[PDB]
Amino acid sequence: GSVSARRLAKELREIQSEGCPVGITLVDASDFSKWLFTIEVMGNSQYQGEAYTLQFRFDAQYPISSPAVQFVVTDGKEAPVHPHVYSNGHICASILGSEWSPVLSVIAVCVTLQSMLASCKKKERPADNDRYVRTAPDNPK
């Protein structure tokens, strides 16, 4: 297999071996192009008791390229209302952009986004939400 696929296989092996951190659940890893997790924020937060679906898409340059990561908003699912999360599910987070590194992992991204949700003291959408979502491309990258 390819270098990229093998890296993803190893991450999947580790998720199976180590399990996921609390509140994070692997729902589907049926290929090495798209995976789905559920994310629940634990402790005291604005999202208590809710589970959101988070999608990772991988291109052939992973892990050098960052994964394309978004909350799923299909089939009645809604994105968390958060200042760094657009209503279409796209996410503004440094880990997905300038601060991506191959030293990170899918699970590290999940934990980081869980913590970003946990840090919110007041649920509101991004300022440019409507502007962004009107012209937003399929892939948030």
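Start at 1 with the first residue shown and count on from there.
Practice task
Tell me which of 86-94 and 100-108 has the higher mean C-alpha B-factor in the deposited entry.
Solution key: It is 86-94.
Handout entry: Higher-B stretch (mean Cα B-factor, as the entry records it), 31-39 or 112-120
Key = 112-120 has the higher mean C-alpha B-factor.
Exercise for the section: Name the third of the chain's ranked CA B-factors that contains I15, choosing lowest, middle or highest. Expected result: According to the entry, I15 has a C-alpha B-factor in the chain's lowest third.
Practice task
Going by the recorded CA B-factors, say which third of the chain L8 sits in, lowest, middle or highest.
Solution key: Tercile = lowest for this residue's CA B-factor.
Exercise for the section: Grab the CA temperature factor for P126 from the record and place it in the lowest, middle or highest third of its chain. Expected result: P126: CA B-factor falls in the highest third of its chain.
Handout entry: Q55 by Cα B-factor - lowest, middle or highest third of the modelled chain
Key = As the PDB entry reports it, the C-alpha B-factor of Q55 lands in the lowest third of its chain.
Practice task
Divide the modelled residues of the chain into thirds by Cα B-factor and specify which third, lowest, middle or highest, holds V133.
Solution key: Tercile = highest for this residue's CA B-factor.
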